[PDB]
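Below sits a lone chain in structure tokens, taken as the form deposited in one PDB entry.
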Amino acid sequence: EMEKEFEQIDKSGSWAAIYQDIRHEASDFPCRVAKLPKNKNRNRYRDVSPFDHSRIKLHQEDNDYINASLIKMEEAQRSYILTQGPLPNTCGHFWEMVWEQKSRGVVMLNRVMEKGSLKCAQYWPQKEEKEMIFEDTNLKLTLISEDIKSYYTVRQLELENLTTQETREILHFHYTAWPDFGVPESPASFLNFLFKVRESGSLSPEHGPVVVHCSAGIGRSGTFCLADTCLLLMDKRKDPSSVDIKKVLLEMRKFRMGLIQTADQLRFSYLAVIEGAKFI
């Protein structure tokens, strides 16, 4: 019946009106740590900041700030870390967060170069023979393997703590099929990407929360978590028709501002949940 709500919004063309209502009802919490002049160079965009109450704190004593937010969906029993694409000076902060939060999976929803512009920094090794060292941290990153497919790429990474010589396996799920303009016309490849992340066990609570990021960490990143959470709800509820995508999105926006950036991404999220529910 969520399909019925989709057909009626499509018929009246009210996707922009629906999305604008979501923006009007969205939570507004302070972001004072992010707006400190010390953390300007740690933010990719001045209008995309984490809330104080939900920001991920680095275990570094001097400056614990990273543009990342913890999303807790209690009923769906899932947690995500949403962050921006690492900057050239925050690549060590990124992997420090992954280590400290004990994350198993890293979900990347953008290409490094989209339409002749740098949307993200190369924070993982391109060659298996050359490791990456992050000086400000105690971390060593090594590319073990990668499986390249037409819509996404899965890489096996080894994160080593040089202090204790402890190593962890990090799975890197890189979705590469998102168009430079607009949204995918079909959610088939995006859903197959999500189910691939699910099957790896990375979303399971015995691991730390997965790190999901795009360019700013709100747009495509919101669609991944919104779709994943909405699919979990209608599978564990007695009445799957009680799931409201708008309600779930507003609940999500309590933890990070601006999730789902355009009415086009909102329509795509509807299409992914509808097709995903049909796929079960």
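Note that residue numbering follows the sequence shown and begins at 1.
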Selected stretch [higher average CA B-factor]: 34 to 42 or 50 to 58: 34 to 42
Of 60 to 68 and 214 to 222, the one with larger mean CA B-factor: 60 to 68
From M73, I170, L82, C120, residue of greatest CA B-factor: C120
Residue selected from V183, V106, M97, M132 by maximal Cα B factor: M132
Chain thirds of CA B-factor: placement of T176: lowest
Chain third (lowest, middle, highest) by recorded CA B-factor, residue given as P86: middle
Where the record places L250 (Cα B-factor, split into thirds across the chain): lowest
Position of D264 among the chain's modelled residues by C-alpha B-factor, lowest, middle or highest third: lowest
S145 by Cα B-factor - lowest, middle or highest third of the modelled chain: middle
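Same protein, other form: the form solved in complex with a small molecule, not shown, and the subject of what follows.
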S54, heavy atom within 4.5 angstroms of the small molecule in the deposited bound form: no
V212, heavy atom within 4.5 angstroms of the small molecule in the deposited bound form: no
is_contact(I218, the small molecule) in the deposited bound form, heavy atom dist at most 4.5 Å: yes
